[PDB]
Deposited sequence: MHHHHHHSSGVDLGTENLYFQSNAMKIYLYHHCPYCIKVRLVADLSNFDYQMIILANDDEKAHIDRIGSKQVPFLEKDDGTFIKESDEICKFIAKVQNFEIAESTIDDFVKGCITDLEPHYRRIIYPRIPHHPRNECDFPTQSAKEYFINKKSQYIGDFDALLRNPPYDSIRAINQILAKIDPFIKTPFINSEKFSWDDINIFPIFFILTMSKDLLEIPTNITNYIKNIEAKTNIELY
């Protein structure tokens, strides 16, 4: 009835962490799906289907759609009869993950449209310029940030990851059971590898994301 992850359509971007949430559950549960990567400036492909420019969204066999990544994950888990453990990781780690946001806006986000692995998300110059024009509101100037990565944000990310690392386990983030902590935290580690040349990704986090990469079709940057 289903195949190993290596029929229903899932519309997404490669770089989007909310889409990573869906691919994580889909690949680990061997959910049979067809990955549809939408160009960043292809507004009509989003709006014609779900009426808004957002990803991810899943198309069922009956032609109806599910948006919201959390709801797509629960649907896939139901279809596959695949258990997802509840969140158990310490609130300290959740707070540290939240503190990464102002820094990865400056360190990682400007690299999104230009990274060679994101060419599927940005197959044209207009898709790249679309993203830059659309995201420069709350990010800033992409050229200035790319030429001068703020080292205070580099230090802040390194320090936060150092504080998080003792709590990170294998095979999954809370050891044996795949959980909602994997769903909510791994996408943050995933996008961090876009700037691995600038950042210090510690041992436990490195082993954890390498295991997720091995068990899925998600490739780290």
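Residues of the deposited sequence missing from the coordinate set occupy positions 1-2, 9-23.
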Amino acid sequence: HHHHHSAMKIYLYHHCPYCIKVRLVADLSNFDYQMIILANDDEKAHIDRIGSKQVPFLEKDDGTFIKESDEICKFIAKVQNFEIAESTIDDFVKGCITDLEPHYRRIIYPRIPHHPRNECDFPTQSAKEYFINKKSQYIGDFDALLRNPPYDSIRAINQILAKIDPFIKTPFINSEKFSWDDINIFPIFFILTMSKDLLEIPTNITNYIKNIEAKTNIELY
From here on, numbers count along this sequence of modelled residues.
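A summary of the deposited B-factors shows that, of 181-189 and 151-159, the stretch with the larger mean C-alpha value is 151-159. Relative to one another, 71-79 and 131-139 have unequal mean CA B-factors, and 131-139 is the one with the higher figure. In this PDB entry, the Cα temperature factor of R111 sits in the middle third of its chain's modelled residues. When the modelled residues of the chain are ordered by C-alpha B-factor, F167 sits in the middle third. When the modelled residues of the chain are ordered by C-alpha B-factor, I50 sits in the middle third. Looking at the C-alpha B-factors along this chain, the one for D41 belongs to the middle third. When the modelled residues of the chain are ordered by C-alpha B-factor, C96 sits in the lowest third.
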